[PDB]
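> Provided hereafter are the protein sequence and its experimental coordinates.
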Amino acid sequence: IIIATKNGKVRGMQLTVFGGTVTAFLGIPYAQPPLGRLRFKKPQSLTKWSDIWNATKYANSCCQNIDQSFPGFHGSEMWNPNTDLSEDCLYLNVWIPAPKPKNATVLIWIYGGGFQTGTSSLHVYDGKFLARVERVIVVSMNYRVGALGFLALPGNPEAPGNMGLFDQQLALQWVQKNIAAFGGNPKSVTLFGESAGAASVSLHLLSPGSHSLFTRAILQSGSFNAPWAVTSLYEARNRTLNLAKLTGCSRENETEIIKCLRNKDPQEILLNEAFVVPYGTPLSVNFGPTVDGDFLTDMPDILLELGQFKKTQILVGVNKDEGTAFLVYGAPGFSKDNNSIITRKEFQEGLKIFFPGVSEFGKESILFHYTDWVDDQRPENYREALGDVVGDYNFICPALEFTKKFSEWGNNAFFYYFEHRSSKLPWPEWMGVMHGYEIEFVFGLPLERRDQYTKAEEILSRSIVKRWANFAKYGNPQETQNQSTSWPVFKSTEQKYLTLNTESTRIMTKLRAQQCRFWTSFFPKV
Ligand SMILES: *[C@@H]1O[C@H](CO[C@@H]2O[C@@H](C)[C@@H](O)[C@@H](O)[C@@H]2O)[C@@H](O[C@@H]2O[C@H](CO)[C@@H](O)[C@H](O)[C@H]2NC(C)=O)[C@H](O)[C@H]1NC(C)=O
Ligand SMILES: *[C@@H]1O[C@H](CO[C@@H]2O[C@@H](C)[C@@H](O)[C@@H](O)[C@@H]2O)[C@@H](O[C@@H]2O[C@H](CO)[C@@H](O)[C@H](O)[C@H]2NC(C)=O)[C@H](O)[C@H]1NC(C)=O
Ligand SMILES: *[C@@H](O)c1ccc2cccc(OCCCN3CCN(CC#C)CC3)c2n1
Ligand SMILES: *[C@@H]1O[C@H](CO[C@@H]2O[C@@H](C)[C@@H](O)[C@@H](O)[C@@H]2O)[C@@H](O)[C@H](O)[C@H]1NC(C)=O
Ligand SMILES: *[C@@H]1O[C@H](CO[C@@H]2O[C@@H](C)[C@@H](O)[C@@H](O)[C@@H]2O)[C@@H](O)[C@H](O)[C@H]1NC(C)=O
Ligand SMILES: *[C@@H]1O[C@H](CO[C@@H]2O[C@@H](C)[C@@H](O)[C@@H](O)[C@@H]2O)[C@@H](O)[C@H](O)[C@H]1NC(C)=O
Ligand SMILES: CC(=O)N[C@H]1[C@H]([C@H](O)[C@H](O)CO)O[C@@](O)(C(=O)O)C[C@@H]1O
Ligand SMILES: *[C@@H]1O[C@H](CO)[C@@H](O)[C@H](O)[C@H]1NC(C)=O
């Protein structure tokens, strides 16, 4: 099976899936390798080739620091890259149904990982099940992360910022110019992503250069207005200069800093990224999106507030326990290996870990709003409060606020609350419905009966997959055949959302109302 693309022919491979076939094209390049003088620059267009490019294996993942906090543990290592790290990493994957479709809707996955980690080749991002079950085409790409993807000297084309977001965009461009040759409809393209991938999706809704490259958007546990998602121009320069100091690249001609940073090995850049700030937290994003004047024309909170974004349907949601995953990367008293019951003093110490540059008053106000107990003698009170602090501040309330503000300009929005803990979840039970552990349900992994998921999980995934596909194809995330709960539109007044679980799919209103009034309306003042 050979497909003629605009840059040359590519050969794929056949896959057996659920008694059927899916054609996979793993590792198609979509840009010149950003090497040498191209390091830190926007991705450059790809020159034609005259042979057959062999798209039969995942390509290199982009350079990044690896999680080494729990070596050997599947709960952390399932997120580490599973192909070679290299600056030569601008490749993408395509799964197409067999027989080749006629005008298939296209799903484009953008992975998360805090803009500093991630890769399209992870097992939980394998698009072959969606192509098999729903006959959509699934595209995913690698994009640069960390300083190599987001180092910013505003205005300087040698390091303009947002390079990794331009990587994503050049790949959406690739789908526009090429996907019809695979049987895809370039006019029916839905971006979806999780965590920083969702923040990326939300930023593509804002970027005028992305508006004609997709139709609809899905945002899983992430949005650009989350406190970790956008770096200010002030911090970005301070961090670029700090990186230069730590590498001996300090100059005065700012372009000379970049040239010096271009001769450093990826490792030396990587090992210094952590220290460009004085106080880090487990949620630090030292090198991420900025207002560059190119991808992002203004501070995105202003664009959202004033209606300057692509008018289309969105599907947004969050998981019950977004925050807990980050407590074992720093908060005192927490461990994946015990029940992590903490004291009031440990909670207080945890606030200092997560809100280091916040006034004593600000930190008191968090404690005040999250420690008025329904039972002062319940021992896990402080353990659960800190998880809720971190998840509400960093994920849930920004997603809800994004959805409110987006829906106020007339478009249909749909909001979900994912609350099923995977039966295979390797992390301990006190961490609950963790950040990122809906992804396998979205990609349909529980549909493989060989994988030790329960039967209730197979059916939950099956319904989620149908709802996602119906959203991509038709703008409406319903499951219309198996007498399902109808998913109502999220409006700013009633704020209805759908809960996703194995037991009862219910309609609820005003998720985390009191908590989010604190984070969205009071805490930005402190
Ligand atoms: C790209 O692939 C072609 C086709 O071979 C395919 O890939 C192999 C890994 C194997 O799985 C085959 O069954 C597939 O059909 C390669 O063509 C081969 O090229 C070598 C050297 O030119 C030649 O000795 C073989 O006879 C060719 N055919 C086969 C069936 O192997 C081609 O070389 C690949 N391009 C590369 C490696 O750059
Ligand atoms: C839960 O564990 C944390 C983490 O401690 C590590 O992991 C444990 C499972 C065990 O193997 C310890 O030996 C490890 O140090 C405990 O936090 C530590 O508690 C000790 C108690 O003396 C203290 O000296 C350390 O400073 C703590 N370290 C950190 C990083 O918090 C915690 O006490 C355990 N709690 C419960 C309820 O089991
Ligand atoms: C998701 O993209 C996201 C959002 C914010 C943020 C901030 C800092 C660091 C981040 O990623 C760190 C990667 C570690 N992460 C890997 C997965 N682990 C288990 C789970 C789920 C927990 C931590 C970051 N990422
Ligand atoms: C493919 O379809 C085009 C129509 O575009 C799409 O219709 C639905 C699927 C929406 O999701 C939205 O993307 C568009 O309205 C046709 O114009 C085109 O000719 C068709 N091409 C082929 C080869 O079938
Ligand atoms: C801006 O940068 C100042 C200088 O950073 C210092 O040197 C670099 C290499 C790192 O090692 C960093 O830890 C040092 O502090 C900071 O002192 C200053 O606090 C920064 N500004 C803000 C608001 O964080
Ligand atoms: C819908 O359910 C299918 C199997 O369930 C059977 O068929 C439906 C129509 C009802 O009659 C039910 O009582 C039966 O047990 C699944 O094979 C199919 O994947 C499901 N589809 C979705 C989108 O969830
Ligand atoms: C940097 C990198 O990943 N390089 C290459 C790898 C490895 O160098 C070798 O497998 C030995 O490690 O091998 C390939 O050539 C191959 O034939 O699949 C592909 C890839 O370009
Ligand atoms: C910095 O160096 C570049 C490349 O040599 C040059 O074009 C530019 O004019 C220089 N600017 C200053 C202020 O030295």
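Received the coordinates, thanks. Numbering: from 1, shown residues only. Ligands and ions are numbered 1, 2, ... in the order given.
> what helices and strands are in contact with whatever helix or strand residue 440 lives in?
Secondary structure assignment for residue 440, by DSSP states H and E: helix 439-442. In this structure, helix 439-442 packs against helix 455-474, with contacts taken as 3 or more Cβ pairs under 8 Å, 6 or more residues apart in numbering; DSSP states H and E. Where you see a C-beta, it was placed from the backbone N, CA and C, and this is true even at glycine.
> what about the residue nearest to residue 300 when sequence neighbours are not counted, distance to residue 299?
Once flanking residues are discounted, residue 300 sits nearest to residue 224: 5.0 Å by Cβ to Cβ, 6 or more residues apart in numbering. In this view, residue 224 and residue 299 are 10 Å apart by Cβ to Cβ, to the nearest Å.
> how many neighbours does residue 113 have?
If you count neighbours by other Cβ atoms under 10 Å, residue 113 ends up with 21.
> one step back: residue 224 and residue 299: which has the busier surroundings?
residue 224 (26 against 14).
> list the contacts of that one.
The contact partners of residue 224, by Cβ atoms under 8 Å, 6 or more residues apart in numbering, come to 199, 202-203, 206, 230, 289, 300, 304, 402.
> out of those residues, who's the most crowded?
The residue in the contacts of residue 224 with the most neighbours, by other Cβ under 10 Å, is residue 199 (32 neighbours).
> hang on, that residue in a helix?
Yes - counting by DSSP: H, G, I helix; E, B strand; the rest coil, residue 199 is located in a helix.
> surely it and residue 285 touch.
No - between residue 199 and residue 285 there is no contact under Cβ atoms under 8 Å: 9.5 Å.
> mutual contacts of those two, please.
Between them, residue 199 and residue 285 share the contacting residues 115, 229, judged by Cβ under 8 Å, 6+ apart.
> count of residues packed around the residue of the stretch 201-350 of the chain found nearest ligand 8?
Across the stretch 201-350 of the chain, the shortest distance to ligand 8 (Cβ to the nearest ligand atom) belongs to residue 253, at 3.7 Å. Residue 253 has 8 neighbouring residues, counting by other Cβ under 10 Å.
> then residue 212?
By other Cβ under 10 Å, neighbour count at residue 212 equals 12.
> checking it next. Helix, strand or coil?
helix.
> now do it against residue 199, distance only.
From residue 212 to residue 199 the distance is 21 Å (Cβ to Cβ).
> likewise for residue 524?
On the measure of Cβ to Cβ, residue 524 and residue 199 end up 18 Å apart.
> what helix or strand is residue 366 on?
helix 360-370.
> not counting its own residues, what contacts that helix?
Residues from elsewhere that reach helix 360-370, judged by Cβ under 8 Å, 6+ apart: 347-348, 351-352, 355, 385, 388-389, 515, 518, 522-523, 526.
> OK, contacts around the spatially most central residue of the chain?
Central residue of the chain (Cα atoms, centre = their mean): residue 197, 2.3 Å from the mean position. With contact set as Cβ under 8 Å, 6+ apart, residue 197 has these partners: 109-113, 118, 220, 222.
> enumerate the residues of this structure near ligand 2.
Neighbours of ligand 2 within the chain, by Cβ under 6 Å from any ligand atom: 332-333, 335, 337-339, 341.
> span of stretch 127-144 from start to end?
21 Å (Cα to Cα, to the nearest Å).
> do that stretch and ligand 4 come into contact?
No - figure legend: stretch 127-144 not in contact with ligand 4 (Cβ under 6 Å from any ligand atom); closest approach 11.3 Å.
> for ligand 4, what is the nearest residue in the stretch 401-526 of the chain?
For the stretch 401-526 of the chain, Cβ to the nearest ligand atom, closest residue to ligand 4: residue 473, 6.3 Å.
> can you count the residues close to that residue?
19.
> pretty sure it contacts residue 188?
Yes - if you go by Cβ under 8 Å, residue 473 and residue 188 touch, sitting 6.8 Å apart.
> give me the common contacts of those two.
Counting by Cβ under 8 Å, 6+ apart, the residues touching both residue 473 and residue 188 are residue 105.
> my guess is residue 131 meets residue 25, correct?
No - the criterion here is Cβ under 8 Å, and residue 131 misses it with residue 25 at 11.1 Å.
> what touches both of these two?
Joint contacts of residue 131 and residue 25 (Cβ under 8 Å, 6+ apart) are 95-96.
> spit out the contact partners of residue 313.
216-217, 411-414, 471, 475-476.
> buried ones among those residues?
216-217, 412-414, 471, 475-476 (16 or more other Cβ atoms under 10 Å).
> now, which of those lie within helices?
Secondary structure from DSSP state H places residue 471 of the buried ones among the contacts of residue 313 in helices.
> ok so, going back, nearest to residue 167, of the residues of the chain next to ligand 2?
Among the residues of the chain next to ligand 2, residue 335 lies closest to residue 167 (Cβ to Cβ), at 36.8 Å.
> show me where the stretch 301-450 of the chain has its helices.
324-327, 344-354, 360-370, 381-391, 397-407, 439-442 (DSSP state H, counting those that start in this stretch).
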